[PDB]
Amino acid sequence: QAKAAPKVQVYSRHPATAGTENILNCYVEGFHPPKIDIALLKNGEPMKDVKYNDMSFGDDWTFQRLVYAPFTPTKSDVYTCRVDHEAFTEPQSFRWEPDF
């Protein structure tokens, strides 16, 4: 096996309240090789102050990384985590479901 595709979850630190400061997270795991681009986008545009934690990896060698950024969700703004990895053919977007 040459490669393993990322599995991605996008979720907030706290239950979402429109207008209330929160943190948006994108956790990406199960991928190999380690090269990857993980972007947090607000209405398709890179968010401010995104931070990327150190990677870990499993018994099966595949990598995991948490990417996160402060945000204040509104009812209308659209938040996605877009991941580009060589085990995908095109970057994949994962929408955060606000669950207000």
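Quick note: we count residues from 1 along the sequence shown, nothing fancier. Rigid core here is just the name for the largest C-alpha set that superposes within 1.5 Å across the two forms.
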Following superposition on the rigid core, is the mean squared CA displacement, expressed as RMS, greater for 90-98 or for 2-10 in 7 other deposited structures of this protein?
2-10
Of 87-95 and 19-27, the one with larger mean CA B-factor:
87-95
When mean C-alpha B-factors in the record are compared for 8-16 and 72-80, the larger belongs to 72-80
Sorting by Cα B-factor within the chain, modelled residues only, which third would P34 end up in: lowest, middle or highest?
lowest
Quick one: classify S56 as lowest, middle or highest third of the chain based on its Cα B-factor.
highest
